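A.B. asks: Protein sequence lines correspond, in order, to chains 88, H8, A8 and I8.
Numbering (PDB author numbering) for the first sequence: 1 to 89, 93 to 141.
Going by PDB author numbering, the second sequence opens with residue 1, and the numbers climb by one from there.
Going by PDB author numbering, the third sequence opens with residue 2, and the numbers climb by one from there.
Going by PDB author numbering, the fourth sequence opens with residue 6, and the numbers climb by one from there.
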Amino acid sequence: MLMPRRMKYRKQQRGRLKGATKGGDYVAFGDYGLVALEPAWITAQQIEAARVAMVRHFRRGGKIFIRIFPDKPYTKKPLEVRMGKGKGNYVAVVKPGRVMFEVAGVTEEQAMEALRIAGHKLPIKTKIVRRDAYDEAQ
Amino acid sequence: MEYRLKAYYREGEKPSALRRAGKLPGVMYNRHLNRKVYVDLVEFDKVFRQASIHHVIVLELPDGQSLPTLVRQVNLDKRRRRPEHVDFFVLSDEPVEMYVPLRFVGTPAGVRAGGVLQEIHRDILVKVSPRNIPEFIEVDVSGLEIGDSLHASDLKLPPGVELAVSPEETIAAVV
Amino acid sequence: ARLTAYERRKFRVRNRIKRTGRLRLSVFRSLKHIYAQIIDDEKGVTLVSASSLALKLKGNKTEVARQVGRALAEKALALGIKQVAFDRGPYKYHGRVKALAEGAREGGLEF
Amino acid sequence: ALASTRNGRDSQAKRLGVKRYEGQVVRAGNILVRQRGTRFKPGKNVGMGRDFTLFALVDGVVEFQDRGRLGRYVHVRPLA
RNA sequence: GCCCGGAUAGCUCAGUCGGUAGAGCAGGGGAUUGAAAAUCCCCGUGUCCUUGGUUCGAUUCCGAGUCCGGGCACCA
RNA sequence: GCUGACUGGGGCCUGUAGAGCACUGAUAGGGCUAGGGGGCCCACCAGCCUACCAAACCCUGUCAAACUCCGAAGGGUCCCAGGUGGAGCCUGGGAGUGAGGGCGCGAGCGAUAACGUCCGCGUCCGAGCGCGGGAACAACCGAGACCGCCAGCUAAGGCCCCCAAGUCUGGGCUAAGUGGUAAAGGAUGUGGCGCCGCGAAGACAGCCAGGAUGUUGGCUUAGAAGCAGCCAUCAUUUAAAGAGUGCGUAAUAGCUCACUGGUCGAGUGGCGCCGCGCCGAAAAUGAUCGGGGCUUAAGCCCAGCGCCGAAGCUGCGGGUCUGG
RNA sequence: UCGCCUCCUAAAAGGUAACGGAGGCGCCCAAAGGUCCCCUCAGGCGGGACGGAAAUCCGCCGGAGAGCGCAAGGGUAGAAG
RNA sequence: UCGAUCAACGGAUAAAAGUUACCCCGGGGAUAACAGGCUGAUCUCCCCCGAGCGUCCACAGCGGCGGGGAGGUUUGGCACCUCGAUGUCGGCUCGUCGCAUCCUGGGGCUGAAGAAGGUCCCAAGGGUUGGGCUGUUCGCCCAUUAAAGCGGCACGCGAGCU
RNA sequence: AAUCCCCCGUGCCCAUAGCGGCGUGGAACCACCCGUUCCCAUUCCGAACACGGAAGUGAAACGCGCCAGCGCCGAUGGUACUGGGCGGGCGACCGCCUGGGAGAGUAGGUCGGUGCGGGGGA
Ligand SMILES: [Mg+2]
Ligand SMILES: [Mg+2]
Ligand SMILES: [Mg+2]
Ligand SMILES: [Mg+2]
Ligand SMILES: [Mg+2]
Ligand SMILES: [Mg+2]
Ligand SMILES: [Mg+2]
Ligand SMILES: [Mg+2]
Ligand SMILES: [Mg+2]
Ligand SMILES: [Mg+2]
Ligand SMILES: [Mg+2]
Ligand SMILES: [Mg+2]
Ligand SMILES: [Mg+2]
Ligand SMILES: [Mg+2]
Ligand SMILES: [Mg+2]
Ligand SMILES: [Mg+2]
Ligand SMILES: [Mg+2]
Ligand SMILES: [Mg+2]
Ligand SMILES: [Mg+2]
Ligand SMILES: [Mg+2]
Ligand SMILES: [Mg+2]
Ligand SMILES: [Mg+2]
Ligand SMILES: [Mg+2]
Ligand SMILES: [Mg+2]
Ligand SMILES: [Mg+2]
Ligand SMILES: [Mg+2]
Ligand SMILES: [Mg+2]
Ligand SMILES: [Mg+2]
Ligand SMILES: [Mg+2]
Ligand SMILES: [Mg+2]
Ligand SMILES: [Mg+2]
Ligand SMILES: [Mg+2]
Ligand SMILES: [Mg+2]
Ligand SMILES: [Mg+2]
Ligand SMILES: [Mg+2]
Ligand SMILES: [Mg+2]
Ligand SMILES: [Mg+2]
Ligand SMILES: [Mg+2]
Ligand SMILES: [Mg+2]
Ligand SMILES: [Mg+2]
Ligand SMILES: [Mg+2]
Ligand SMILES: [Mg+2]
Ligand SMILES: [Mg+2]
Ligand SMILES: [Mg+2]
Ligand SMILES: [Mg+2]
Ligand SMILES: [Mg+2]
Ligand SMILES: [Mg+2]
Ligand SMILES: [Mg+2]
Ligand SMILES: [Mg+2]
Ligand SMILES: [Mg+2]
Ligand SMILES: [Mg+2]
Ligand SMILES: [Mg+2]
Ligand SMILES: [Mg+2]
Ligand SMILES: [Mg+2]
Ligand SMILES: [Mg+2]
Ligand SMILES: [Mg+2]
Ligand SMILES: [Mg+2]
Ligand SMILES: [Mg+2]
Ligand SMILES: [Mg+2]
Ligand SMILES: [Mg+2]
Ligand SMILES: [Mg+2]
Ligand SMILES: [Mg+2]
Ligand SMILES: [Mg+2]
Ligand SMILES: [Mg+2]
Ligand SMILES: [Mg+2]
Ligand SMILES: [Mg+2]
Ligand SMILES: [Mg+2]
Ligand SMILES: [Mg+2]
Ligand SMILES: [Mg+2]
Ligand SMILES: [Mg+2]
Ligand SMILES: [Mg+2]
Ligand SMILES: [Mg+2]
Ligand SMILES: [Mg+2]
Ligand SMILES: [Mg+2]
Ligand SMILES: [Mg+2]
Ligand SMILES: [Mg+2]
Ligand SMILES: [Mg+2]
Ligand SMILES: [Mg+2]
Ligand SMILES: [Mg+2]
Ligand SMILES: [Mg+2]
Ligand SMILES: [Mg+2]
Ligand SMILES: [Mg+2]
Ligand SMILES: [Mg+2]
Ligand SMILES: [Mg+2]
Ligand SMILES: [Mg+2]
Ligand SMILES: [Mg+2]
Ligand SMILES: [Mg+2]
Ligand SMILES: [Mg+2]
Ligand SMILES: [Mg+2]
Ligand SMILES: [Mg+2]
Ligand SMILES: [Mg+2]
Ligand SMILES: [Mg+2]
Ligand SMILES: [Mg+2]
Ligand SMILES: [Mg+2]
Ligand SMILES: [Mg+2]
Ligand SMILES: [Mg+2]
Ligand SMILES: [Mg+2]
Ligand SMILES: [Mg+2]
Ligand SMILES: [Mg+2]
Ligand SMILES: [Mg+2]
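1. If we count the other Cβ atoms within 10 Å of its Cβ and call it buried at 16 or more, is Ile146 (chain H8) buried or exposed?
2. In this structure, how does DSSP classify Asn30 (chain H8) when only helix, strand and coil are distinguished?
3. Is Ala164 (chain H8) near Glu97 (chain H8), with beta carbons less than 9 Å apart?
4. When the distance is taken between beta carbons, is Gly62 (chain 88) closer than 9 Å to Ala121 (chain 88)?
5. Check the Cβ of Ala8 (chain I8) against every Cβ in chain 88 and list those closer than 9 Å, keeping chain order.
6. Excluding the 5 residues preceding and the 5 following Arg10 (chain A8) in the sequence, name in chain order all residues of the same chain whose CB lies nearer than 8 Å to its CB.
7. Measuring alpha carbon to alpha carbon, tell me which of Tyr38 (chain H8), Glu84 (chain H8), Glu169 (chain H8) and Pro15 (chain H8) ends up nearest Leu59 (chain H8).
8. Tell me whether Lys127 (chain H8) sits in a helix, a strand or coil according to DSSP, three-state version.
9. Residues of the stretch 79-102 of chain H8 in Cβ contact with chain 88 at a cutoff of 7 Å, in chain order, please.
10. Under 9 Å Cβ-Cβ, which residues of chain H8 neighbour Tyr137 (chain 88)?
11. Can the beta-carbon of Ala72 (chain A8) be found less than 9 Å from the beta-carbon of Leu48 (chain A8)?
12. Starting from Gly22 (chain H8), follow the beta strand (DSSP E) in both directions and report where the run begins and ends.
13. By alpha-carbon positions, which one of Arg131 (chain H8), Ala172 (chain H8), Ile137 (chain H8) and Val90 (chain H8) ends up nearest to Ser149 (chain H8)?
14. Which partner residues of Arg39 (chain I8) appear in the DSSP bridge assignment?
15. In chain order, what residues of the stretch 62-79 of chain 88 put their CB closer than 7 Å to some CB of chain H8?
16. Out of curiosity, what's the CA-to-CA distance linking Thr21 (chain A8) and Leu21 (chain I8)?
17. Return yes when the Cβ of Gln50 (chain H8) is within less than 9 Å of the Cβ of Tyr3 (chain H8), no when it is not.
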């Protein structure tokens with residue numbers, strides 16, 4: 001689905017969405033990227049919604065990178081009220100300026116119209132990008 | 001093929017202002033120098049899209065000297081993804097490490113049209129005497145078959161100068 | 002293998018001695034000679050010295066040693082030094098090292 | 006168990022740490038540092054009790070010493 | 001309307017080592033017998049409930065949507 | 001009886017924010033490789049191929065309250081100075097309190113719900129439901145009310161009328177009554193900054209003008225001879241029409257475009273950015289930005305100058321306590 | 001659920017709540033105690049009868065990832081093993 | 001020096017469980033049940049995207065996976081006025097409003113020949129039946145109908161009735 | 001005697017002293033080395049520790065150099081965060097002032113420095 005195997009701890013505190021993406025952010029694997037303009041918990045099921053929209057969009061062809069991963073467990077109570085925490089029930096924290104997704108090996112006009120679909124499945128505003136000198140060398 | 005920009009100096013003059021000003025803070029340095037400079041953003045941009053830490057940029061700037069720089073850093077701030085500052089490395093004649101682009105030459109040359117092409121590096125890091133700087137590298141290897149990993153020194157090595165290696169890594173492959 | 006047995010026991014016995022905080026009567030012994038050097042730490046400083054080298058004596062290495070002890074006491078006691086602690090370094094207290102130490106009383110002592 | 010709550014414990018805080026800082030005047034007996042491992046070793050005129058606890062041996066002032074991979078050190082300088 | 005299950009030749013029901021679906025019970029033929037029944041052999045048809053996905057590959061892994069079985073919530 | 005909060009200098013203590021991946025774990029893409037998933041040649045040790053399993057290892061790329069190779073701002077404490085304060089310390093007499101709340105910041109629980117809940121540091125209400133602003137309103141802004149005054153200056157907020165003071169001066173924006181409101185998402189609204197393609201070898205708009213050959217394309221067919229259909233979409237002859245984009249359809253007749261000449265005559269089409277706006281936009285008694293009303297403003301952004309404005313500050317007089 | 005220990009929450013002093021997230025104790029040892037002396041791990045690769053992923057042996061590499069009676073933390077081979 | 005799961009672990013007694021719709025007093029809106037309020041997970045309705053089904057396909061009619069909201073009618077969360085009292089479901093009577101429209105009026109599109117439908121837009125003037133069953137609200141069913149609309153008003157309305 | 005250089009001790013800074021490669025040293029120091037009678041040793045072994053030695057060797061170790069492949073250290077500039085002071089946003093969050101200011105990374109650095117004492121040369 002997308003999810004770790006093996007966790008150290010089952011549940012973990014919410015924390016803030018403060019700041020800028022802190023890495024990720026420079027477009028390392030592909031010809032075109034999708035970058036986050038807003039912070040959000042992006043869900044294993046939103047990610048896979050986007051991934052499939054793109055493969056469906058081209059031919060089973062192309063190449064797709066993803067590059068954000070849902071390692072943060074997301075609890076919810078049932079309709080109860082208050083005794084303990086839990087349960088269940093996975094997100095990836097995503098700050099502004101991060102490259103998620105990022106396709107390659109496809110025509111610009113394909114990638115861009117697929118990346119546009121892809122971001123319609125996301126809770127945040129997004130930006131399509133290309134690739135650069137600015138994405139350096141390393 | 002050959003590139004120059006401009007450059008100016010600065011001492012005080014807070015970066016935020018300069019950056020509001022259409023200009024682009026940066027620094028000039030090398031073993032014998034370190035100096036505070038700025039440039040025009042819109043000007044710099046056009047050049048850097050081209051040069052891109054691959055070709056040499058000769059600056060200009062007042063005095064007027066004209067200084068043979070390699071760009072060795074660009075900090076783009078992550079929110080707007082747009083350069084906030086630039087490192088300009090000035091050459092002198094002592095060997096210096098750097099990034100050379102890569103010319104992949106051929107047809108798929110076996111399993112042609114085709115397997116999958118898979119270029120694993122658009123660059124290589126190489127120690128080079130500034131004087132002779134091999135502005136690209138033709139790499140063909142018409143052997144070019146399914147599954148292999150070409151290492152390093154199997155590259156042309158345009159005449160001037162040696163790898164900054166590692167000699168064993170992954171350049172391309174077909175599958 | 003890092004940091005040998007020799008250098009462990011070396012450190013081991015020094016450290017213990019160095020806590021009590023007396024002057025240190027340190028003993029080097031080569032296969033040929035035996036030297037002894039009385040140190041004050043925290044000044045990192047040597048005060049009295051005695052060697053089978055600078056005394057140029059020979060024959061029966063143990064008996065040679067008893068002498069460089071008396072040699073040390075005598076020179077040392079002359080500066081006021083009476084109490085110290087026997088370093089014994091990385092050497093079993095025995096034989097040549099024992100002998101220098103029991104030759105180092107008659108003079109400053111407790112060994 | 007799992008749900009109701011299996012958690013809920015914690016122990017009392019141990020009020021651990023440094024109790025005298027550099028150049029504070031102390032007297033024989035004053036404990037200088039309260040600590041779990043050997044996180045500071047005893048220095049000049051400084052004892053260590055069985056719970057790893059460091060005290061002044063003599064009246065004086067406390068100096069701190071960072072000896073690199075020899076760890077950190079607390080001494081008391083007399084003029085007691 | 002809600003959370004959970006089941007669809008497999010002709011009917012009944014298997015089938016987690018992801019990697020070539022078999023056993024019965026029908027049906028046809030054989031051995032058996034005086035002829036059958038029983039019993040033993042042997043036989044074939046599921047494009048294996050549609051559709052997106054993973055995977056080189058899914059009836060065998062995932063998630064929905066259906067035709068149909070279970071447990072669920074009007075109000076004082 | 002100078003030691004106080006606060007402040008300056010100096011030392012020491014620390015492991016948060018940020019960041020990092022060296023540890024513990026998680027983790028995307030690739031490489032190289034143990035064991036095998038066994039395709040199998042075995043069914044002798046063999047045994048090779050792996051677009052599946054895979055440790056470690058290299059490369060790229062990330063994540064963590066209970067990870068840290070790192071690590072600020074600040075915070076604590078001691079010394080030395082300033083600091084005479086309804087400050088400080090010592091002994092003793094009298095209490096009351098031990099339901100707190102809002103808000104800001106930092107966390108947890110909760111649903112990145114609650115005028116939710118629980119801690120931390122601040123504040124204010126409590127007890128300042130006294131005063132001014134916010135239409136009205138404990139805790140938001142302003143400000144700490146001893147008494148009096150038909151005197152002055154200011155704070156916040158204001159200066160078109162209700163309503164005290166500008167229908168004040170300059171520059172730009174907006175045509176929705178936006179202002180006077182609510183998102184994804186959308187859109188030749190409108191104004192600026194920019195970049196890219198095409199264009200007086202005369203482009204974009206129109207208009208005048210050509211509207212393929214072998215050939216039905218081989219396929220398929222009563223026929224698709226592009227348009228009821230799956231396609232060798234290939235040789236040619238041209239300044240120049242795809243065996244044909246669409247209406248047509250008794251397959252063909254008739255028809256249009258692409259793609260070209262030509263007429264004219266200066267810009268045209270694409271992208272990105274910022275400002276203001278527009279759609280998205282459905283609730284229950286009678287409506288409304290507090291109201292009237294406002295459109296080069298009485299709205300929004302920029303610069304300015306006056307003024308109005310409190311129990312704050314001043315001026316004058318008085319009261320009481322404390323000090324001298 | 002109620003006392004005790006470890007970690008986090010805990011906002012880099014101490015301290016700090018919740019029917020917040022996770023675990024442990026109610027023992028044990030006459031040696032697992034005192035001292036003196038000596039010795040140094042785990043792991044990996046290579047070699048070696050029965051010996052196999054591992055018994056024991058030999059080589060090299062291995063600053064601590066092992067050990068320290070039991071949870072966790074801190075500490076620790078210049079020993080606390 | 002010993003006897004403590006005095007473990008509700010600062011340890012009332014050496015010695016102790018239940019029930020009350022037969023109940024009582026003192027208090028509390030410090031605290032539950034009703035209603036309101038905040039909230040809006042859940043619920044109802046929109047909207048974005050647009051795999052896909054629809055012979056072909058402009059989405060005629062559908063619409064996966066995901067995304068953003070509106071409303072405040074549900075079930076809840078919270079515990080804020082009210083416990084020196086805010087009478088609770090349902091019916092009846094009497095209405096009034098909202099519009100997310102059931103009918104009638106006017107529209108666009110259609111996979112609209114006509115007639116008849118489908119879907120969406122405008123529109124709140126008026127209308128919106130009678131019965132069997134159950135306390136029922138709902139719902140099912142009979143017979144009709146232009147239709148047999150969904151909500152709010154303390155789940156409107158007990159100093160109006162039952 | 002000071003000064004310098006080499007060795008031997010022994011401190012200190014705590015990797016800029018480390019790993020690896022290379023080279024170099026025996027007169028003197030030092031080590032390995034000769035032996036196991038004696039003191040003293042090995043859960044077996046003079047391996048180690050110990051003694052009595054002095055024929056040989058700088059092979060090992062140690063010391064001294066030189067190499068930047070690794071390791072270690074590491075600016076300046078710019079950001080992040082932030083004391084204090086202000087704004088903006090339904091929210092999540094964001095910006096301005098003033099003061100402090102990393103981490104990663106880039107440039108470079110580095111094959112140590114040094115105190116006391118001896119022995120020997122100066
Ligand atoms: Mg990074
Ligand atoms: Mg969520
Ligand atoms: Mg409850
Ligand atoms: Mg979006
Ligand atoms: Mg604790
Ligand atoms: Mg027969
Ligand atoms: Mg028969
Ligand atoms: Mg004073
Ligand atoms: Mg201080
Ligand atoms: Mg963090
Ligand atoms: Mg890691
Ligand atoms: Mg942390
Ligand atoms: Mg550092
Ligand atoms: Mg003072
Ligand atoms: Mg007082
Ligand atoms: Mg008192
Ligand atoms: Mg109480
Ligand atoms: Mg209380
Ligand atoms: Mg409280
Ligand atoms: Mg704020
Ligand atoms: Mg509250
Ligand atoms: Mg709140
Ligand atoms: Mg408060
Ligand atoms: Mg009160
Ligand atoms: Mg007050
Ligand atoms: Mg009032
Ligand atoms: Mg007021
Ligand atoms: Mg008022
Ligand atoms: Mg008011
Ligand atoms: Mg007030
Ligand atoms: Mg007053
Ligand atoms: Mg007004
Ligand atoms: Mg007026
Ligand atoms: Mg005017
Ligand atoms: Mg208006
Ligand atoms: Mg309005
Ligand atoms: Mg104007
Ligand atoms: Mg103004
Ligand atoms: Mg005035
Ligand atoms: Mg007066
Ligand atoms: Mg007074
Ligand atoms: Mg910790
Ligand atoms: Mg703390
Ligand atoms: Mg703190
Ligand atoms: Mg603290
Ligand atoms: Mg327990
Ligand atoms: Mg081993
Ligand atoms: Mg082995
Ligand atoms: Mg350990
Ligand atoms: Mg432990
Ligand atoms: Mg342990
Ligand atoms: Mg530990
Ligand atoms: Mg109790
Ligand atoms: Mg108690
Ligand atoms: Mg207690
Ligand atoms: Mg009792
Ligand atoms: Mg009773
Ligand atoms: Mg009864
Ligand atoms: Mg009775
Ligand atoms: Mg009674
Ligand atoms: Mg009563
Ligand atoms: Mg009611
Ligand atoms: Mg209620
Ligand atoms: Mg009420
Ligand atoms: Mg809502
Ligand atoms: Mg709402
Ligand atoms: Mg809508
Ligand atoms: Mg409610
Ligand atoms: Mg209440
Ligand atoms: Mg409360
Ligand atoms: Mg009541
Ligand atoms: Mg009353
Ligand atoms: Mg009604
Ligand atoms: Mg309507
Ligand atoms: Mg109608
Ligand atoms: Mg009609
Ligand atoms: Mg119609
Ligand atoms: Mg009709
Ligand atoms: Mg009507
Ligand atoms: Mg009506
Ligand atoms: Mg009847
Ligand atoms: Mg009835
Ligand atoms: Mg019913
Ligand atoms: Mg009826
Ligand atoms: Mg209700
Ligand atoms: Mg009612
Ligand atoms: Mg009544
Ligand atoms: Mg009444
Ligand atoms: Mg009434
Ligand atoms: Mg270090
Ligand atoms: Mg020699
Ligand atoms: Mg010689
Ligand atoms: Mg040698
Ligand atoms: Mg650095
Ligand atoms: Mg800096
Ligand atoms: Mg600040
Ligand atoms: Mg730095
Ligand atoms: Mg080095
Ligand atoms: Mg030295
Ligand atoms: Mg000398």
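The beta-carbon is built from N, C-alpha and C at its ideal position, and this holds for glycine as well.
C.D. replies: This is what the structure holds:
1. Exposed.
2. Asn30 (chain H8): strand per DSSP, three-state reduction.
3. A Cβ-Cβ contact shorter than 9 Å links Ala164 (chain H8) with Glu97 (chain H8).
4. Not closer than 9 Å, so no.
5. The answer, in chain order, is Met83, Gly84, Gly86 and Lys87.
6. Setting aside the 5 residues that flank it on each side, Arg10 (chain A8) is surrounded in the same chain by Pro91, each with a C-beta closer than 8 Å to its C-beta; the list follows chain order.
7. Answer by Cα proximity: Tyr38 (chain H8).
8. Note: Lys127 (chain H8) maps to strand in three-state DSSP.
9. Those would be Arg79, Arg81, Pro83 and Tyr99, in chain order.
10. Residues of chain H8 passing the Cβ test: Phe48, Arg49, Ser52, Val74, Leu76, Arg81, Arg82 and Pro83.
11. Taking 9 Å as the Cβ cut-off, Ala72 (chain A8) and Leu48 (chain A8) do not qualify as a contacting pair.
12. Per DSSP, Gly22 (chain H8) is not a residue of any beta strand (DSSP E), being assigned neither H nor E.
13. Ranking the options by Cα distance to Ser149 (chain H8), first place goes to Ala172 (chain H8).
14. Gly22 (chain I8).
15. Those residues of the stretch 62-79 of chain 88 that come within reach of chain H8 (Cβ to Cβ, closer than 7 Å) do not exist; the list is empty.
16. Cα-Cα distance, rounded: 28 Å.
17. Annotated as proximal: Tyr3 (chain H8) and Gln50 (chain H8), with beta-carbon spacing under 9 Å.
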